[PDB]
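For neighbour counting, all protein chains shown are included, and Cβ atoms are generated from backbone atoms with ideal geometry for every residue, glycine included. Throughout, read-outs are computed from the coordinates displayed, never taken from laboratory work.
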Number of protein chains: 2
Amino acid sequence: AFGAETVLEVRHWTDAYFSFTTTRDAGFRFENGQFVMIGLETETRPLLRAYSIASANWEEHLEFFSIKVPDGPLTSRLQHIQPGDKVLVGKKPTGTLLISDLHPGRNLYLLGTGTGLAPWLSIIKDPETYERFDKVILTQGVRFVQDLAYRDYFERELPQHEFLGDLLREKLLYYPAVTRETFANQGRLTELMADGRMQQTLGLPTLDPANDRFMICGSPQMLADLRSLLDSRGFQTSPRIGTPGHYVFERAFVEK
Amino acid sequence: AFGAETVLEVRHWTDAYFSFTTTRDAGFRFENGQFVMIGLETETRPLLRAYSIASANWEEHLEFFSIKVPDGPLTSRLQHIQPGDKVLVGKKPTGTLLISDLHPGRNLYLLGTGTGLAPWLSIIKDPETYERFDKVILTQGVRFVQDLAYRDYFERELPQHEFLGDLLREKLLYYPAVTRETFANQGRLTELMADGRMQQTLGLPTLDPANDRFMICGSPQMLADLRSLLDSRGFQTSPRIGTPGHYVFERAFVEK
Ligand SMILES: Cc1cc2nc3c(=O)[nH]c(=O)nc-3n(C[C@H](O)[C@H](O)[C@H](O)COP(=O)(O)OP(=O)(O)OC[C@H]3O[C@@H](n4cnc5c(N)ncnc54)[C@H](O)[C@@H]3O)c2cc1C
Ligand SMILES: Cc1cc2nc3c(=O)[nH]c(=O)nc-3n(C[C@H](O)[C@H](O)[C@H](O)COP(=O)(O)OP(=O)(O)OC[C@H]3O[C@@H](n4cnc5c(N)ncnc54)[C@H](O)[C@@H]3O)c2cc1C
Ligand SMILES: [Cl-]
Ligand SMILES: [Cl-]
């Protein structure tokens, strides 16, 4: 059920976040935005947790973007992985963060906090994302400036993607947000959207249910707050996988 | 001079050939087709050898395609590398296998035997290769059918390259050759070209110095034989790096 894959590269962003890549089974297929069970072998039972696949389905490796919880059963150990180590990966990806469950639209907003950024790494590398949308707004809301992950990638490297680059300079807009200190965009994503600061910064029109589509991935609080905002502006959720709406959303984690 | 990189993936083709990938230094730049010194740390002095870079310069990792010599000082050890191991990689790539040293042409023939295939893995992934040529003929001459490396990649996977695929189906022609047993294309590359079997199979015209360009990488014998053939047909070699000709060539190894 859970075959081992091998850890390739590992990068630590902060004391709380790190990324890693693994090998990918020949028969492993997924839709961009989906999550899969991953984990570790132990002295007893394997430790297994849901993780977004932070890479596109056309890519040769898998990537994961992970929290580090000091006493978390999985991540207390996962944080110490090294190239060559084994990480268990499931066979059955699933999840709600699918552009196929978004009604036709013009602007695609990817609203993520913390590790909620993970599925966006997949989505922004899907060619179909750009076939369907005029603008793709990539966000990450974090606490401090130093917490922003993949910043150089988004700001410098991705606009040079030998293959996606030309399109990305035209369509991909990066909007980092920081809560706990002064910054160009200071606040929760809900607050930056509530008074239209996000749209003003990006040069986009006031939110409109006919035009704007959302994918939302974050804390229980951010999901509740953003859903309340969008619902109050006339946006309708996708009610289940396979049924389209103006937005889709998925818990980045649960407060256990 | 020789910083360590980390081994990522390893694949054994036969008892005599294997491939591996490594991390790449942020400041490491190269022209497609070039070689670099690589090697291993030891109990004394590092073991260092010239290796073609078997990947394109736009890619995030390096790949190498290696012989296994039973009592070879480097490869007796290199064959046992595992994910996570360190491989030394030089800073100063060089070499003659540069499309920039080919006069304008129509068809690009990549004539390789054994590990001579390595630089072609770089060249066939360079977008500039296809800007400059109507057809790219990818060869590997080997002894037995089972020795052909990357066969599924060339025949099945590469024509589906999410980004290079459309172009490759149009322009990339794979021509495997085998000497020691019956096969669609049986013989040395020199022999398959001497009587035009290669051109007939591929549906290309008789060799013509105005139109056909060659990059040649292989054994001392194959280089001598192919140069004699091409020279007798009026093709002129590039005399040095930076001065263009109808063909370029480089030793895949030396008989020590
Ligand atoms: C659909 C889904 C997708 C998920 N995708 C990811 C992902 O891409 N990356 C990832 O790191 N985790 C993801 N998670 C959370 C993940 O399943 C684990 O909870 C996480 O690996 C921590 O495991 P643990 O055993 O160390 O801590 P656990 O005992 O699961 O969690 C303990 C506490 O850690 C905190 N926590 C757990 N995960 C996070 C998190 N991601 N961000 C902030 N705080 C967290 C919460 O306070 C939680 O109560 C996802 C969860 C679900 C349900
Ligand atoms: C410009 C250049 C590029 C090279 N690129 C590559 C490359 O991409 N991949 C690679 O494996 N080697 C390549 N080589 C050969 C390489 O430098 C080493 O010789 C090889 O790694 C074997 O090292 P060793 O110490 O094990 O054997 P060494 O003592 O170097 O060689 C001993 C014997 O092994 C045989 N041999 C060595 N290399 C090969 C080979 N590649 N194919 C068939 N027989 C060989 C010869 O009989 C040689 O006399 C290249 C050499 C040069 C000069
Ligand atoms: Cl929020
Ligand atoms: Cl030959």
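Of all beta bridges that DSSP places with both ends in chain A, some 50 percent have antiparallel geometry.
With the simple spin-label model, which puts each label point 7 Å out from Cα in the Cβ direction, the B:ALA184 to B:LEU167 separation comes to 2.4 nm.
Centre-to-centre separation between the Cα atoms of the range B:70-116 and those of the range A:176-220: 49 Å.
Sorting B:228-234, A:46-52 by their mean Cβ neighbour count within 10 Å, with the most densely packed peptide first, gives A:46-52, B:228-234. Cβ-to-Cβ counts within 10 Å put B:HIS61, A:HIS80 in ascending order as A:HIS80, B:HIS61, the fewest first.
For B:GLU41 and A:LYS86, what is the calculated FRET efficiency with R₀ set at 35 Å and r taken between the beta-carbons, to the nearest 0.05?
Numbers: r = 25 Å, r/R0 = 0.72.
In this case the efficiency is close to 0.90.
Peptide A:220-229 is shielded by partner chain Cβ atoms: per residue, an average of 0 of them sit within 10 Å of its Cβ.
Pick from B:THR139, B:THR44, B:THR94: which is most flexible by mean-square fluctuation in a GNM of chain B where alpha carbon atoms under 10 Å apart are linked? Its mean-square fluctuation being the largest, the pick is B:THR44. Relative to one another, the C-alpha centroids of the range B:223-237 and the range A:230-256 are positioned 67 Å apart. With a Förster radius of 45 Å, plug the Cβ-Cβ distance of B:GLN146 and A:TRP58 into 1/(1 + (r/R0)^6) and report the FRET value to the nearest 0.05. Once the sixth-power term is evaluated, E becomes 0.90. Working from Cα pairs under 8 Å separated by at least six residues, relative contact order for chain B is 19 percent.
Assigning unit charges at the beta carbon (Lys, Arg +1; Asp, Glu -1) and nothing else, what dipole magnitude in debye, to the nearest 20, does chain B show about its Cα centre?
Values: 28 positive and 33 negative charges, 108 e Å.
Roughly 520 debye for chain B.
The length gained by stretching the chain between A:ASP231 and A:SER100 to full extension, at 0.36 nm per residue less their Cα-Cα distance, is 45.1 nm.
Rg to Rh ratio, the range B:95-256, alpha-carbon atoms and Kirkwood radius? Let's see the in-between values first.
Working: Rg = 14.7 Å, Rh = 15.8 Å.
For the range B:95-256, the value is 0.93.
Largest GNM mean-square fluctuation among B:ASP225, B:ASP195, B:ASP25, using chain B with Cα springs under 10 Å: B:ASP195. With Cα atoms as the point set, the protein assembly as shown shows a radius of gyration and Dmax of 26.1, 80 Å.
Based on C-alpha pairs under 8 angstrom that are at least 6 apart in sequence, the range A:1-94 has a relative contact order of 41 percent.
If the only charges are +1 at each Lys and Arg Cβ and -1 at each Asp and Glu Cβ, what is the size of the charge dipole of the range A:56-163 around the Cα centre, to the nearest 20 debye? List each step's numbers first, then the result.
Working: 12 positive and 15 negative charges, 79 e Å.
Roughly 380 debye for the range A:56-163.
Measuring between their Cα centroids, the range B:1-40 and the range B:156-170 lie 24 Å from each other. Residue exposure proxy: B:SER55, B:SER19, ordered by other Cβ atoms within 10 angstrom of their Cβ from fewest to most, comes out as B:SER19, B:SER55. Here the Debye sum runs over all C-alpha atoms of the range A:4-63 as equal scatterers in vacuum, and log10 of I(q)/I(0) at q = 0.17 Å⁻¹ comes out as -0.65.
Report the semi-axes of the equivalent ellipsoid for the range A:41-115 in whole Å, largest first, where each axis is √(5λ) for an eigenvalue λ of the Cα gyration tensor.
On the way: eigenvalues 169, 44, 31 Å².
Its equivalent ellipsoid spans semi-axes of 29, 15, 12 Å.
The long axis of helix B:220-232 is offset from the longest Cα principal axis of chain B by roughly 30 degrees. For B:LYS125, go through the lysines and keep the ones whose alpha-carbon is under 29 Å away, minus same-chain ones fewer than eight residues off. Counting by Cα, and skipping residues close in sequence, B:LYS125 has these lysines nearby: A:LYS125, A:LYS171, B:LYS68, B:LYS86, B:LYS91, B:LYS92, B:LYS135, B:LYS171. Name the most mobile residue of B:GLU63, B:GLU162, B:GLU43, meaning the one with the largest mean-square fluctuation, in a Gaussian network model of chain B with Cα contacts below 10 Å. Result: B:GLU43 has the largest fluctuation of those listed.
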